Amino acid sequence: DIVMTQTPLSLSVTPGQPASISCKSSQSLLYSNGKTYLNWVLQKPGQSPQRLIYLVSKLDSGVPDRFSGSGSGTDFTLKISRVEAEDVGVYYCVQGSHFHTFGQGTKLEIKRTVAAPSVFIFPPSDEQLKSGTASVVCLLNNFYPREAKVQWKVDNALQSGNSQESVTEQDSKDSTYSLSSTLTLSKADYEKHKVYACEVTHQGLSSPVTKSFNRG
Amino acid sequence: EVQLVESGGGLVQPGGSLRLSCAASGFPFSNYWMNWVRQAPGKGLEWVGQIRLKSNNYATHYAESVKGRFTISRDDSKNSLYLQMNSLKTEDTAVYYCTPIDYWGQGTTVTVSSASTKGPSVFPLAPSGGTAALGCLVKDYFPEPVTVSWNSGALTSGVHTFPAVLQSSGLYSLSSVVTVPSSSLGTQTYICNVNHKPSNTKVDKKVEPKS
Amino acid sequence: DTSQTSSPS
Ligand SMILES: [Zn+2]
Ligand SMILES: [Zn+2]
């Protein structure tokens, strides 16, 4: 077997600036026919994988020449000279000298300036309530960087373990993220409390922003 | 045109079997080593097994994690590739790609679980700075995926359909939202179109400010 | 058309 060790696991690059990805193999990728079967694939967000580079250094059609591949034996590198927005996604190396195995993947995001989210809170609808459950949703819109803290408070008491968050891929026009956080409470427990607050901490915000409502 | 099209993905019980198929065009299939590669939800690509040429006696080899349970086969006359999967396990849940590595298609999705198909309930996230938000909560479906559009595809800009999350219940949920200049409420109507093919279920939900 | 280059087929 040949284990492929890919680093780094993630890259955050300003457009205009270069990106570099290492792939190392646990044994030589030099095949017995004198050729070296190291390939790079890109999987763009929500797409199928597609090959970019084959035989170490050769570009598939339609691949910009900003992309280059190098190396030999156990050591290979993918370089992107001047990142552009279309480069975003997960890169994998994949050897074909002994069957196939893949690198663990390198997630490329575009670096951009800080942008604070705008925040919205939605109570559970009346239709949901009938049925036994209450979902309280907090939406964070168009922010960068990805890192954010979203905290729920019910009549001032900090919740834990009862919310789940979900994040979009980088917006393809402005490179920001959006996030939703959903608090699950029983219907009876929802109707027993008054003040529902989503508090958001993020480096684009002077101090934490709170969106809240009262059940009435 | 190079084309690779997987089929036969679906939900099956732990321990059951399933047989995937794959048709290919636009390259010399009979001269190509052909593979199955899979991707478990939210994880990396994993080579599953390979089949070589007639002149290699159609030699096959398998990932250690599927060895003895899966069988790759091919039929160069039909430009087809097959995967017979027995003794299926939970962790075999993935998208399955039929690929020579040079070229790739869309994949077929395999879900290994004991849970029954359930269509979603759709709940409004009502609106009420310069921008307003609204949306739809698509809650308690199994299995993935659901599809959400707005106004039959006419409303697209400002839309954020989030990655589904798996609840402690074993059922999935997601929200789809749209951010809109405040005044476009009252001048636009908002209906989310939700489709869940596994349960053969379609829902449309007009979203509007509560009173 | 083209021959495979991801592996030594
Ligand atoms: Zn020949
Ligand atoms: Zn040849």
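By convention in this document, chain letters (A, B, ...) are assigned in the order of the sequence lines, proteins followed by strands, and residues within each chain are numbered from 1. Reckoned from all heavy atoms, side chains included, excluding hydrogens, waters and symmetry mates.
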When you look at C:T5 and B:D102, which way does the side-chain hydrogen bond (donor to acceptor under 3.5 Å, both in side chains) test go after all the steps?
-> CA-CA 7 Å; C:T5 47; B:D102 292 41; 3.3 Å; yes
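- Of all heavy-atom pairs spanning B:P100 and C:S6, the tightest one is O-CB, 3.7 Å.
- Interatomic distance, OG of C:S7 versus CZ of B:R52, reported as 7.5 Å (0.5 Å rounding).
- For B:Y32 against C:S3, the heavy-atom pair with the smallest separation is OH-C, 3.5 Å.
- Residue-environment remark: NZ (B:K139) exceeds the threshold of 12 foreign heavy atoms within 6.0 Å.
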